[PDB]
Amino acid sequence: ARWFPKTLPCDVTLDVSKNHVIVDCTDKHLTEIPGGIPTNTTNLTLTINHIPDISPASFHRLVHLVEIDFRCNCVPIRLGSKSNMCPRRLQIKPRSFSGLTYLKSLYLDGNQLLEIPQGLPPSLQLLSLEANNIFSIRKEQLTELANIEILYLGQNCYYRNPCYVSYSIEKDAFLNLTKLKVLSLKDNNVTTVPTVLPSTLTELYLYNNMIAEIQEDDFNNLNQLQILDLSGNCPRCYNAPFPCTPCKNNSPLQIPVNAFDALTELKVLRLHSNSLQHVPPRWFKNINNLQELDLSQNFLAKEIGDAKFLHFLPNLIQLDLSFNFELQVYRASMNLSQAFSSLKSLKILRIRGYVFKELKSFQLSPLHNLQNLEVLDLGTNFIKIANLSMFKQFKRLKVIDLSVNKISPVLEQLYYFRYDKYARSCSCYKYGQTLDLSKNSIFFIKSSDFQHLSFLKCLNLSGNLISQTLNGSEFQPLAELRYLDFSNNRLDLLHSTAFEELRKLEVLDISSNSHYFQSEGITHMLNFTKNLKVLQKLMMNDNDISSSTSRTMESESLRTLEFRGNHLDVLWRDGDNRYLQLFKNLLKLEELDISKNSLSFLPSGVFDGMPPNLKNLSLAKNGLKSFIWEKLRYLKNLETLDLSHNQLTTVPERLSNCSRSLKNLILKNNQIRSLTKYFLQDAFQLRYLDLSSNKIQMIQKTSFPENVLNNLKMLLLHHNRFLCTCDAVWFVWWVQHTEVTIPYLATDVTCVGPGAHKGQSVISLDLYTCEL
């Protein structure tokens, strides 16, 4: 199928439309730039290798390069692997880049460089030098960058990559960069705003530095600026997860009342962790276009009850005031200034970490007539009391977020406290109105708790303390609810009428409710599904279910059942036939996950007990030591079979004789040491096959007929025990010449032997002596 096998250890992709030739050698354990890179290459990526040097030889033939991505070949010690430390900084020899007349983007982040690389071609639009050791910026070193438009210099002096001095920037070092639009000097030990900056700037990132004061004219000429981030200058250090040094005298970042007067195009202003105690209204007198304001992690608790500056922000879309509470103070209630009602455009309001005992409806009246408000986030406030009926006046909202509180009758998990959320490395909302009560202290629920909340589409009760026999009465008002997340509670399924009042429920999650399933003698009605007439997906993972009072689960609607992390091995104890049809009467079930059920064997009868339309079956991670492949004939609609992470040792003699429907067969991480002689014969309908991480030594053509292989959408073979003897000649030739997608050919499709060939890639194997 190929006359010239590809030996290059990189992926090569063809973007005919914009004439791009993409060569991606990411994470190929290279110690040199590989030979034979195509001369037409436009995008060359060498990220995460151990190439110690660049020289004119490096890209000599590659005159068409628009982008070199050479990140993280020598990353700073505390940021990189401690098992493969980089011994010496990347060495760049003169005029390695000057021949590349078309080069627009150069990424050299994370190479321990000491100076800005010189000799760069004047076509360059983007230069990236994050996580190097460059902490002095001189005008002279920037002359080469006349046409530069995006310049990243951050992370060159901070606690994970120290330079032990203040960052240095020469007066007007950036000024004659007349095209520069984005400048990022974050995480750099910078002490003053650099001046004068070019008025072309649209984005300026100065956050996480040691700037104590803003001068009146620091931003005087920047009439095109759209994003300004000054966060983390004079940080609020309480409970900081990183080493945190505050400004002296509990000082805030000092910003003169007129400092932003020139910023008429500013759409985003970030003032997170600046220890602000006041927000002067005068700041925003000439900014009418501001859309996003971040004021989290300051000391604005009292300002929130006053907040006159809000009257100047009628175009604001997002307001963040999270974590402004006064230390050691547990307020009685939330005091929102009436000025919030002048925020006519607000869609997102976040006030986590205000820290107060009781929320009452009148406290939210300033928001009552904000017509665009879509998200109200009051998480992590330790609220003990809130009458949920209160939110009848907020039907228009998409998400009401009370997550992580103490109520009783999606942002990353580190978000407000992490050092740099934007550091670069080397859900039920769509169903409609969401009330998120997850991670609260709700121990008991009753219908009145949800009075006037009939409009709700998703209710998140995950991680409460609900330890209750539901009988169909607790959710009566929730007549529109489509999604209930009830995971991490203590559901007691005594009654098969549980949840039946949720007559429009489509998704139910009762995962991690194992408490009552763990003790003998307790009644469990797993047939509670019959009463849920539009239920589409049921999750009951990690419930430790090893017994059931009912012997069948019933549903004519359910299409997906997740049953992972239970004890079907106990339910299907050999000799006990009573539960072999547990799933049989889920007539429209197509996907069944019964991985992690300690199923070391399948008793006869489980396959005949499967419902008739089963399409996706997972039996992964069961410790399965044997498997009657012929029993797959009962599964007449089977398309995906996941047998990964087991102890299987054989494949079927004729996959076509076991299932002439199967498309995806996943056998990774088993103990298979050989294939049957006619394994895939006539298995035409097959499209995806994972044999990786087994012990296969040989594969002959009879097992892998090409009438089958070339309609394979992927074939995974890596991490086996291939023996590269003259018996392997067909397999080696076929692998070298096939166009079927096989991952990790360059890195993990390897001979274990004999001796000479140990560790050698099958792709590079020369077997001419077999033909002499």
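Start at 1 with the first residue shown and count on from there.
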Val410 preceded by how many uncoordinated deposited residues after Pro409
10 or more
Counting only residues of the deposited sequence, how many between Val257 and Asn258 have no atoms in the entry (none, 1 to 3, 4 to 9, 10 or more)?
none
Going by the B-factors listed in the PDB entry, is the mean over the C-alpha atoms higher for 519-527 or for 362-370?
362-370
Mean C-alpha temperature factor, higher of 591-599 and 415-423
415-423
Kindly indicate the residue among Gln647, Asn381, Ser438, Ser342 with the greatest C-alpha B-factor in the PDB record.
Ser342
Member of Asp608, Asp377, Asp509, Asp320 with the greatest C-alpha B factor (per the PDB record):
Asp608
Compare the C-alpha B factor of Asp109 with those of the other modelled residues in its chain, then answer lowest, middle or highest third.
lowest
Chain thirds by Cα B factor, record data; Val651 belongs to the middle
Sorting the chain's modelled residues by C-alpha B-factor, tell me whether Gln468 ends up in the lowest, middle or highest third.
middle
Sorting by Cα B-factor within the chain, modelled residues only, which third would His737 end up in: lowest, middle or highest?
middle
If you rank the chain by CA B-factor, which third does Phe219 end up in: lowest, middle or highest?
middle
